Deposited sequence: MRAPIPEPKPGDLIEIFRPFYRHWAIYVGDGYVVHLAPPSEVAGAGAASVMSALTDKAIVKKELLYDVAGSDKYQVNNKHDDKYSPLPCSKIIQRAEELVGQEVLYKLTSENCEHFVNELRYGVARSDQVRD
């Protein structure tokens, strides 16, 4: 599987649940994760994916424009360290990365 492009949405197929992250380059993604509440983390895709299959899935590019990729990366990185109080359902994780790629829904 070739290297994702900065700003790409990454859909990760964990057993019985999906997780979402956004590629920020040089092997890193930004995503919501538990400390062990949830926190925005910058981590290696290698570690976040682990042994689980994943794909790039920019599902809304058909009908919506992605933001300039420099802006996507900047916004994602600025949020690293921020905490949120909602559960890490696929839906919430997807919503988070959608906002980064496409802007506020």
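- Map the modelled residues onto the deposited sequence and report the uncovered stretches in sequence order. Missing C-alpha atoms (numbering from 1) occur across the ranges 1-4, 41-56, 126-132.
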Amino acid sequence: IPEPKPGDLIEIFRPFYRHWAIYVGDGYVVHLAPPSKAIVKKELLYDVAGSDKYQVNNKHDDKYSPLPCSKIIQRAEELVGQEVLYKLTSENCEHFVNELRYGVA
From here on, numbers count along this sequence of modelled residues.
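- Read off the CA B-factors in the entry, average them over 83-91 and over 16-24, and name the higher stretch. Going by the record's values, the stretch with the higher mean is 83-91.
- Item | Chain-relative CA temperature factor third for residue 38 | Ranked within chain, residue 38 CA B lands in the highest tercile.
- C-alpha B factor of residue 63, ranked within the chain: lowest, middle or highest third? Within its chain, residue 63 is a highest-third residue by C-alpha B-factor, going by the deposited values.
- Message: Considering every modelled residue of the chain and its Cα B-factor in the PDB entry, is residue 51 in the lowest, middle or highest third?
- Response: Within its chain, residue 51 is a highest-third residue by C-alpha B-factor, going by the deposited values.
- How does residue 70 rank on Cα B-factor within its chain, lowest, middle or highest third? CA B-factor rank for residue 70: highest third.
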